[PDB]
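Single chain ahead, written as structure tokens, the form deposited in one PDB entry.
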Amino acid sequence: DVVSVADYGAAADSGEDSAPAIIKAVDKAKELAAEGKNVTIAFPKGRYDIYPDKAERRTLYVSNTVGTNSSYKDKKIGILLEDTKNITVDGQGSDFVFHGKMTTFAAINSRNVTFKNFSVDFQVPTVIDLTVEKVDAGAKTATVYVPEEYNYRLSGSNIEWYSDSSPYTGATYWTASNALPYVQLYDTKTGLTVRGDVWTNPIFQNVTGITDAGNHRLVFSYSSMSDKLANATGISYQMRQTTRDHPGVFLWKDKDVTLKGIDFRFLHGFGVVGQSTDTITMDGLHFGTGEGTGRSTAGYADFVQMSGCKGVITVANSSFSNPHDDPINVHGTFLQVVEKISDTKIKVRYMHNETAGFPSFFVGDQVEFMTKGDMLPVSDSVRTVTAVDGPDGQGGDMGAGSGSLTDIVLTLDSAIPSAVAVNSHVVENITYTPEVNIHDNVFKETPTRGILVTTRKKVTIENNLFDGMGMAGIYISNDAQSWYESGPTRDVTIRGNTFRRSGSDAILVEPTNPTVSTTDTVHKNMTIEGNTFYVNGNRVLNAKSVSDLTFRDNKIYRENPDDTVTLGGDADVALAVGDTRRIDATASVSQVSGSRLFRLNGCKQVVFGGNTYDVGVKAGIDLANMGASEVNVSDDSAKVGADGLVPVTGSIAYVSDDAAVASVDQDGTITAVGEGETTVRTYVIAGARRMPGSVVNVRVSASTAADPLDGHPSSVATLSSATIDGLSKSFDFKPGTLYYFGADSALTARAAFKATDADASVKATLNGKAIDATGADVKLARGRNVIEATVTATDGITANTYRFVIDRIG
């Protein structure tokens, strides 16, 4: 049972609006679904343009966006499955290009529906990503690359931005001028994204003029060159409005939704929102800009928001790059008790201004009450909802209504506990709490937190890579003070993940309760095991109010090891055959400053065991609002209430190139053996790593007179050469400099990389795709091309990722 959009007027690659034809095709699919058929809506492979003008329009109130604001209550939706079941939307590899401000696709009141096999983009994205390519502090100018997707007109020192236009009316969908309200910084050189001063864009401070240099480059002139702007070369400044007028995808009141094999190249307004939906599976989603664009923002805000859902939320085999908020947030909403009408009837209120106007309770749901101050449940407070009067989330009333989009009146099956009082207690819907399974994903290029999750059901975060999270890699809060986002946790497992280039704590557990309790804790039963943490000054774990917290069998490594062996005793020795000389070699092993790796704040029944700590890290524990009697380190080497620095005492090994000329024992005594010249090499072993140190050259004249590296594989993880030919100007490669940036008109290049240690593994990519690191002819696409070379030493632990970034000039 197949419905092709081609039979309803949507030709592939037509350049015409497909929105009316998709509506008709969905209509037919719904007819067949209502006959009991499993239906596929097929898109013959190609580009499809979907405009908002004729798209389905719905009044919708959406968690974590714009709250009750009536200016934005009406949503345009490009592909809407409503009130249906058993329908797969199969793009068959098509490219869907949306226009203006709209939601891309949605399912509402629908069961067993799937979206798969297409990309999602906008003609003119609403985040404007400007790369500074050159700055001239002497002339006080900067050269700014405006990606080809954007339209603009110049007027003196102003730039005016505009979208594309309606085919039906000629209306411009939106316009703006100069700096948009919010900006964040994607450093294309390092591949790190951070927030700085988000309300001050340095491209647009003290601009005196702008000139079009052609090829989509603008030369800005300034009355003064700030420090922020002087160091801006290679930075893509991602600027936008902050109003979340649309969800990017909306999955409201569904059951068994699957999204899979979708490339989200840009989402306007917000990310994928699940709301009051039972079971959503997300598999093989790639949020990120890719080859062929100079843009860098993929998400106007969050990528995945699961608000008040239930069943199982799965995110698997997916990748996340350059949102303007958290990649993943699974949570519910606390509503505050604002009126006790009777012992079985209360009014509750949406307290945060971006979440309001939709139902968080249906008849039959179970609720539980919480004391705001200590964020602990009221004992014996689970009740079943028997009646709901409040907003239905599409502008109408559930029950009698409440007279307000922020207020819901609940009737409960039995008298609530006497302790529950207005404004001191909140209510959580405990039916709409999901199990969470996030595994085999890649998170990078993110200015905020990687994963937020607050649910009482089973949570598994397993086998993910975190690189460059600007804030905590994993953040588990529970908040009835500012964000009003619910979910005390009861069963969390964080296992097999790798954290790299962490901008803050790798893992942060911090409910926002002001009052720290000695009887109970907010969260319980959290197990953090088998992860690898590369550390460089920030904590591994910062946990507040968790009981039965276990941290075991993890591996902690220095992210930037700097080891050597110095000599002092002359590096040049001449010997007579039979005589001996001793090397005065002393090992040098770098250590990581900053915080103790662990902090615990009001926790109970904490156990550390079986963890591996690299030399030179502060494997120690800070305690707050708790005693050491709640922390068990009997089976671990972490120290309570002390730094617990792992000693930086390296051992020294000695290997001669040619022992027929000169031999050496493991004390550093050279023995002249034969005539000739040879070099004896030192190596510093420090924990699981082995680095070379200074060498000694031995010259031995006539007279009448390796196995210490076994179990110590090499940790050399540098390149010795990196050549990129075919460019107007060449990079000045240095083994110690990882990151390079340039802009060039070249259409092709030849790249070759060589490891310092020929045994080390080199993995090279162009725009994420593997290339032959020994030598590859590469095509440079439109926009920003990124050649990455990752060298992994033979120890399997030490790696460096080099980046060569070229903006194409065309």
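The first residue of the sequence shown is number 1, and the count goes up from there. Only residues modelled in both forms are compared. The term rigid core refers to the most C-alpha atoms you can superpose between the two forms while keeping them within 1.5 Å.
The next section is about a form of this same protein that is not shown, the form deposited in another entry.
**Student:** Among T406, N86, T371, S656, whose C-alpha is off by 2 Å or more between the shown form and the other one on a rigid-core fit?
**Tutor:** Only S656 moves by 2 Å or more at its C-alpha.
**Student:** With both forms fit on the core, is the shift of the CA atom of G668 between the shown form and the other one 2 Å or larger?
**Tutor:** True for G668: a C-alpha shift of 2 Å or more.
**Student:** Have a look at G644 and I652: in the other entry, are their Cα atoms closer together or farther apart than in this form, given the change is 3 Å or more?
**Tutor:** They are closer; the C-alpha distance drops by 3 Å or more in the other entry.
**Student:** Upon rigid-core superposition, which contiguous segments of at least three residues exhibit Cα shifts of 2 angstroms or more between the shown form and the other one?
**Tutor:** Runs shifting 2 Å or more: 591 to 593, 648 to 674.
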